[PDB]
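Below is one structure, written out as structure tokens; the observations come after it.
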Amino acid sequence: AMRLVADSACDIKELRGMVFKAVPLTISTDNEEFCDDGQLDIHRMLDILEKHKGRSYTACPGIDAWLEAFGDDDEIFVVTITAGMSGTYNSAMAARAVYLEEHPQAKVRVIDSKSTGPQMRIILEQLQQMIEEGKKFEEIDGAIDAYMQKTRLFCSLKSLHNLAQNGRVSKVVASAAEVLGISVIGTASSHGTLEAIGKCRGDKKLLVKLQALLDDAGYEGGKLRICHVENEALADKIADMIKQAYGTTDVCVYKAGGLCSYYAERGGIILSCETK
Ligand code: NA
């Protein structure tokens, strides 16, 4: 009975039909720690941050939190946010090291998603599908990396202040979004970093740019996952556009978790898809 584990950048807390545990990251100011778990009031956190004048920070999970999440299962897949932008992958590898010294029959694969959010979700769902198909651990461990090559992520961000203050995007890139009504469109790069594609004024222009990006990426109507930070309206417009243009039936629109809400910011969208 295999176990799936992911950091909270995956935005989800359950995978119906699977054994799954999310491991919280933490967002902090000088005054308060926000743990990205079931207790988090994200709307309140965003309100605090929008009027907070000082620096804010994020932290990866402790080794103890990973160990708790592994439980005592002998076959575990762990999906992490990109090693290109976070120490999360390393923390998971450190926890795996301890776990294997404590569980002699265990197999644990840590997967650097090279991404975040909905792309981590798509990976988790594919792991689930292969497990349900009866594939063995070693088959899944090989195959998931091949599957990941046929997935992409795009985002549209209305503010990149939190990314920029934490050194995760260049100032020049972030400055575009400082203008009211301008968003920055990005993709997950081959190095697992945020690659800015361009700027965009308004929802309709974003829909057209995304359609062009999806076409070029080899999108042909496969699985599509869209998370949003208090922008269900835009996420629903994107989903409608994609259904109409590509005939997609496997679509889910859902809310971002704490970590993705912090870095994508209010208004932000992130989407991931399977490609040919
Ligand atoms: Na903006």
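Under our numbering, think of the first position of the sequence shown as 43, with each following residue one higher. Beta carbons: idealized from backbone N, C-alpha and C, even for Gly.
- Judged by DSSP secondary structure, residue 245 falls within the alpha helix (DSSP H) whose first and last residues are 245 to 259.
- DSSP places residue 277 inside the alpha helix (DSSP H), whose first and last residues are 274 to 288.
- Excluding residues up to 5 positions away in sequence, 233, 234, 235 lie with their Cβ nearer than 6 Å to the Cβ of residue 126 in the same chain.
- Taken from the Cβ of residue 152, every heavy atom of the ligand NA lies 7 Å or farther away.
- For residue 225, the CB falls within less than 7 Å of some heavy atom of the ligand NA.
- The alpha-carbon separation between residue 249 and residue 257 amounts to approximately 12 Å.
- The continuous beta strand (DSSP E) containing residue 297 extends over residues 293 to 297.
- Shown here, residue 142 sits in a helix according to DSSP, grouped into three states.
- For the set 147, 149, 164, the Cα lying nearest the Cα of residue 155 is the one of 164.
- DSSP places residue 306 in the uninterrupted alpha helix (DSSP H) bounded by 300 to 306.
- One Cα belongs to residue 87, the other to residue 46, and the distance between them is close to 28 Å.
- Annotation: residue 48 is outside any alpha helix (DSSP H); the continuous beta strand (DSSP E) that includes it extends over 45 to 49.
- For residue 270, the enclosing beta strand (DSSP E) stretches over residues 266 to 270.
- Within the same chain, and ignoring the five residues on either side of residue 218 in sequence, the residues whose Cβ sits closer than 7 Å to its Cβ are 224, 226, 241.
- The ligand NA approaches residue 221 closely enough that one of its heavy atoms is under 7 Å from the residue's Cβ.
- In this structure, the straight-line span from the alpha carbon of residue 181 to that of residue 59 is close to 20 Å.
- Residue 101 and residue 204 have their alpha carbons spaced roughly 13 Å apart.
- Shown here, residue 238 sits in a strand according to DSSP, grouped into three states.
- Taken through DSSP and simplified to helix, strand or coil, residue 310 comes out as coil.
- Fewer than three Cβ pairs drawn from the segment 165 to 174 and the segment 126 to 137 lie within less than 8 Å of each other, which leaves the two stretches out of contact.
- DSSP places residue 205 in the uninterrupted alpha helix (DSSP H) bounded by 203 to 207.
- Relative to residue 67, the option among 302, 94, 318, 309 whose CA is nearest is 302.
- Annotation for residue 217 indicates a beta carbon at 7 Å or more from all heavy atoms of the ligand NA.
- Inside the segment 88 to 123, DSSP marks whole beta strand (DSSP E) runs of 3 or more residues at positions 99 to 101, 117 to 122, from first to last along the chain.
- Taking a contact to require three or more Cβ pairs closer than 8 Å, the segment 271 to 284 and the segment 205 to 215 do not qualify as touching.
- DSSP links residue 199 through a beta bridge to 226.
- Sequence-distant partners of residue 63 (beyond 5 residues in either direction) whose C-beta falls short of 6 Å from its own C-beta, in its chain, are 47, 111.
- Within 7 Å of the C-beta of residue 247 there is not a single heavy atom belonging to the ligand NA.
- In the three-state reduction of the DSSP assignment, residue 318 falls in the coil class, being assigned neither a helical nor a strand state.
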